[PDB]
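Below is the structure, and that's it, no one-letter string:
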């Protein structure tokens, strides 16, 4: 019911690897989701169940973890993939979302 | 020359060996009819057994 | 093809209720669950209420309780949310979400919606 994402602002140049972490007050047992709201559009879901990429449109956004610690490590970041990243539990029904991490340009 | 086991061959027609065309690819085929089992009606259904 | 276009976006005075119609297209509305997520301006995604496949299951967020009625008419293909009283704080762009998450088949918040710029004014 409480999720906190530690890296509020990260600035990374092209090809930098950026790692983003959000942890939960109680075990969520592999039920977490990460989204990338580009400014001016609605969000898109980037990872579901903490370890599985979704529709497959995202290809390099590997993320991993079980229980309390889940981190989304972007690989060769391209300038286009810069946009706030948000995380929410998907199975406990009083769902909540974290504050968000902005991968801005340097 | 190897078939006659000599370095000298007299004039004539000799059966040196055999020629075989070799398979280009591999095709596996099974029936089109799905004969689908009703796992669909057990795995997902409005209600489940207690 | 797949879409969850939304409508009913307009300025509303506080204490006045506007039904928000979240239409559906290119989906089997009955099996997919629908829920509402709101982003206040300059903030982050927040959550409100959920309607199941049968339309028989409703669960609500603690922040607003009993202040909204979420109903899914499959024949209409439209999930409707109406808030009895709208606080000045709730000036968010309401977002509609499609969640297939209990059927051995699906994952959460798969498509999302363009959104309606709800507004509270005085």
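Nice, thanks for sending it over. Residues are numbered from 1 along each chain as shown, chains lettered A, B, ... in the order given.

Can you tell me which residues in chain A are near chain B?
By C-beta under 8 Å from any C-beta of the partner chain, no residue of chain A approaches chain B. Yep, even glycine has a C-beta here, placed from its N, CA and C like the rest.

List the contacts of residue 7.
Here I'm looking at chain A. By C-beta atoms under 8 Å, 6 or more residues apart in numbering or on different chains, the contact set of residue A:7 is A:18, A:19, A:20, A:21, A:101.

Let me rephrase: I mean chain C.
C:20, C:21, C:22, C:23, C:116.

returning to that earlier point: which of the contacts of residue A:7 are buried?
A:18, A:20, A:21, A:101 (16 or more other C-beta atoms under 10 Å in any protein chain shown).

any idea which element the closest residue to residue A:78 other than its chain neighbours lies in?
Ranked by C-beta to C-beta, 6 or more residues apart in numbering or on different chains and with sequence neighbours excluded, the top spatial neighbour of residue A:78 is residue A:14, at 6.4 Å. Under DSSP states H and E, no helix or strand contains residue A:14.

Report the contact partners of residue A:14.
A:76, A:77, A:78, A:79.

By neighbours, which of these wins?
In terms of neighbours by other C-beta atoms under 10 Å in any protein chain shown, the contacts of residue A:14 top out with residue A:77 at 19 neighbours.

thought it was touching residue A:19?
No: between residue A:77 and residue A:19 there is no contact, the gap being 11.1 Å when judged by C-beta atoms under 8 Å.

Please enumerate the helices of chain C.
For chain C, no helices turn up when DSSP state H is the criterion.

starting at the chain centroid, how far to stretch C:75-84?
Computed by C-alpha atoms, centre = their mean, to the nearest Å, the chain-centroid distance of stretch C:75-84 equals 8 Å.

Can you mark which positions in that stretch are buried?
Quick answer for stretch C:75-84 (16+ other C-beta under 10 Å): C:78, C:79, C:80, C:81, C:83.

how about the strands of the chain, start to end?
Just so you know, I chose chain A. Assigned by DSSP state E, chain A shows strands spanning A:3-5, A:9-11, A:18-24, A:32-37, A:45-48, A:52-53, A:61-66, A:69-74, A:84-89, A:102-104.

Hmm, no, I was thinking of chain C.
In chain C, the strands defined using DSSP E lie at C:11-12, C:19-23, C:33-39, C:46-51, C:58-60, C:68-73, C:78-83, C:93-99, C:119-120.

Okay, the closest residue to residue C:40 other than its chain neighbours and chain B: tell me how far apart.
The shortest distance from residue C:40 to any residue other than its chain neighbours is 4.4 Å, reached at residue C:92 (C-beta to C-beta, 6+ apart). From residue C:92 over to chain B the distance is 34 Å, taken as C-beta to the nearest C-beta, to the nearest Å.

and residue B:27, how many neighbours does it have?
Counted with other C-beta under 10 Å, residue B:27 comes out at 5.

Please verify my assumption that residue A:63 contacts residue A:73.
Yes: using C-beta under 8 Å, residue A:63 makes contact with residue A:73 at a distance of 6.8 Å.

tell me which of the buried residues of stretch C:75-84 is nearest to residue B:5?
Checking the buried residues of stretch C:75-84 against residue B:5 by C-beta to C-beta gives residue C:79 as the nearest, at 90.5 Å.
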